[PDB]
């Protein structure tokens with residue numbers, strides 16, 4: 001189970017999808033420390049490059065095993081191995097763009113393998129995404145709770161814009177273990193604080209290096225009820 005996830009882990013990713021009507025594929029390879037909640041991925045746009053849309057909208061599609069599940073929070077994702085798990089997500093942007101994504105996470109000969117499929121529609125042609133006027137994501141907090149057989153996550157995200165503003169989107173995700181739910185120690189409601197940063201890019205955003213830090217916590221504020 002959890003013992004399959006070592007202190008250092010490597011990952012390989014394949015991605016294919018469409019945004020509005022533009023098809024593309026990406027690959028990535030990286031490594032991280034799952035229990036410290038840190039990871040780096042080196043990402044190539046291998047088909048359909050350069051993308052006519054901001055690479056930022058793909059950022060959260062490139063890794064739940066690398067979350068520091070501190071403070072005795074049962075780790076739904078690390079428990080899921082060797083079988084692995086899937087996630088499905090809809091991201092709704094404030095200006096009409098909608099990006100759905102589905103992902104399969106497996107463990108193959110000690111390497112984490114990601115299979116991601118993207119479908120984004122109705123991104124406005126004069127918006128910052130299609131005009132590529134974005135500058136990465138702010139830090140954020142996801143709320144996760146047991147639901148629908150697995151875990152449900154909700155989290156608003158703020159995309160920085162050229163010129164100083166933000167474009168807001170909302171993420172609604174379902175995480176499903178490939179292990180029967182009865183064979184898992186389920187967590188309560190908990191939160192994941194994240195900071196995702198673009199470390200490097202090259203060649204019209206066809207090569208991107210990304211780093212993420214993610215730490216899970218319960219509410220740390222005092223309680224009058226228990």
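Read-outs: derived from the displayed coordinates by stated rules, not from any lab. Ideal geometry is used to build each Cβ from the backbone, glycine not excepted, and the neighbour counts take in all protein chains shown.
Do you know which residues across the stretch 53-72 are within 17 Å of residue 114 (Cβ to Cβ) and in a loop (DSSP other than H, G, I, E, B)?
Of everything in the stretch 53-72, those that are within 17 Å of residue 114 (Cβ to Cβ) and in a loop (DSSP other than H, G, I, E, B) turn out to be 62, 63, 64, 65, 66, 67.
When you scan the stretch 45-52, do you find a residue that is part of a strand (DSSP E or B), under 17 Å from the mean Cα position of the chain (by Cα) and within 22 Å of residue 111 (Cβ to Cβ), even just one?
No, the stretch 45-52 contains no residue that is part of a strand (DSSP E or B), under 17 Å from the mean Cα position of the chain (by Cα) and within 22 Å of residue 111 (Cβ to Cβ).
Please pick out the residue among 77, 81, 85 that is under 26 Å from residue 191 (Cβ atoms), touching a helix residue (DSSP H, G or I) at 6+ places or on another chain (Cβ under 6 Å) and buried (at least 16 other Cβ atoms within 10 Å of the Cβ).
Sole residue among the options that is under 26 Å from residue 191 (Cβ atoms), touching a helix residue (DSSP H, G or I) at 6+ places or on another chain (Cβ under 6 Å) and buried (at least 16 other Cβ atoms within 10 Å of the Cβ): 81.
Is there any pair with a first residue in the stretch 125-145 that is on the phi > 0 side of the Ramachandran plot and a second that is assigned to a loop (DSSP other than H, G, I, E, B) and crowded, with 20+ Cβ neighbours inside 10 Å whose Cβ atoms are under 6 Å apart and which are 6 or more apart or on different chains, and what are they?
132/54
Restricting attention to the stretch 180-223, which residues are touching a strand residue (DSSP E or B) at 6+ places or on another chain (Cβ under 8 Å) and part of a loop (DSSP other than H, G, I, E, B)?
184, 186, 187, 188, 189, 205, 206, 218, 219
For the stretch 1-22, give me each residue that is in a strand (DSSP E or B) and under 20 Å from the mean Cα position of the chain (by Cα).
9, 10, 11, 12, 13, 14, 15, 16, 17, 18, 19
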